[PDB]
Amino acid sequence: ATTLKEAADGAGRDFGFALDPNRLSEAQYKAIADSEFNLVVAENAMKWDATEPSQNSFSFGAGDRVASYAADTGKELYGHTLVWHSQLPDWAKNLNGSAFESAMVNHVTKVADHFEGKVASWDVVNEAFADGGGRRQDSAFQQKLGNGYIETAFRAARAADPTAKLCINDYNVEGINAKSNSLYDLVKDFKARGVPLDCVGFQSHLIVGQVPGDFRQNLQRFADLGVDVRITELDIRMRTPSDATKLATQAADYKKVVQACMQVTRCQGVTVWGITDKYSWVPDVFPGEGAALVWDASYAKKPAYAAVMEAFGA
C-alpha cells in the first residue's frame, strides 16, 4: 500500500473522512479526499440545521453534494445524523409534546427517504447518554419525549429505509465505563425486542496519550450483542504547537485505535473527523488544543499517517 485507502481496502475495512463539501473547490483537499479514503461522512451537511431550517422545508443541496461526491468517487456513504440535541433549529426547540414528536418523526422520515439507496448507514441517534451513566441531561429530545424517543427514531428510520444500517453513536464510550454500560444496556434491550438497530458508533475524540486500553474488549462485547461496530469521528488532540514527542505519541495512539478495530471482526472500520488540522473543529472548542488529524495545516502527512498504514496491516 502507498495510501491509507490501499491499506484499508487491502484489510477489507473502511477508512473514512468527514467532508465539508465547500472544501471540494480547494484542489489539494479534494486530491487527498479522492485518494486516501474509501468512505465519506458529512461533517455538517446532513445535520438537522443543514437539512430542515424551517418546519417541513428542506434544504438538501449541501447533503446532495456530499452524496454525489461519494457516488462519483466510488466511496461508501455514511449518514450523520438524524436525531441529535446539538445543531437543532430553534423552531424545533419551540415545539412540545406530540407536535415535537411529530417534527422528529417527519425529520427522520424525510431525510432518510431523501437519501435512500445512497446512504448505506445512518447515525439515527447521536449522543443520547451522559458521562457517568444514564441519559443526557441537556437534550430537547430527552426533555420533551423521555426515554422512548430513541426507539421511536429507530423504528421511523427503518419504516422509511428498509435496508440501511441503523446506528447509535456516542463519545466517551470507548472504554468500559458507566456511559458505555448504559449504551450497552440499550443495545442489548433493542436486539432482544427486535427494535431495528444494526450498528454502534464510537466517536473516539481522544487526547494524545490517553487511548483506553480496554477499547478492543469494549468493541468486542458490543459486536457480541449481534451488531456491527465502527470508529466514527476519530481525532487525537494535543497541546499546540506540535513537537516530535507529541507527534510520536499521537502516531502510537492512532495505531492503537486502528488495531483495536482490526482485532474485532465486526468492526467495519475507522472514520477520521476531517483531513487537515487547517480545518479541524478542535481549536474552536478547546482553547490551545489542536493538531488532532493525520495531515497538518499545510497538508503534509504527520507521523500518524505511517501508523495508520501499519495498523491496517500494510
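Start at 1 with the first residue shown and count on from there.
Comparing 105-113 with 187-195, where is the mean C-alpha B-factor higher?
In the deposited entry, the stretch with the higher C-alpha B-factor mean is 187-195.
Would you determine, from the values in the PDB entry, which of 201-209 and 94-102 has the greater average C-alpha temperature factor?
Higher mean C-alpha B-factor: 94-102.
Reading the B-factor column of the entry, which of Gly269, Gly274, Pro283, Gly61 has the highest value at its C-alpha atom?
Of the options given, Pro283 has the highest CA B-factor in the PDB entry.
Looking at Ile236, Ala71, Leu225, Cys167, which one carries the largest C-alpha B-factor according to the PDB entry?
Within the set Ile236, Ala71, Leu225, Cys167, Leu225 shows the top C-alpha B-factor.
Taking the entry's C-alpha B-factors for this chain, is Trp295 in the lowest, middle or highest third?
It belongs to the middle third of the chain when residues are ordered by C-alpha B-factor.
Which third, lowest, middle or highest, does the CA B-factor of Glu43 fall in along this chain?
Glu43: CA B-factor falls in the lowest third of its chain.
Select lowest, middle or highest to describe the third in which the CA B-factor of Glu289 falls within its chain in this entry.
It falls in the top third of the chain.
Using only modelled residues of the chain, where does the Cα B factor of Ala252 rank: lowest third, middle third or highest third?
CA B-factor rank for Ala252: middle third.
Please say which third, lowest, middle or highest, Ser35 falls into when its CA temperature factor is compared across its chain.
Middle third of the chain for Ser35's C-alpha B-factor.
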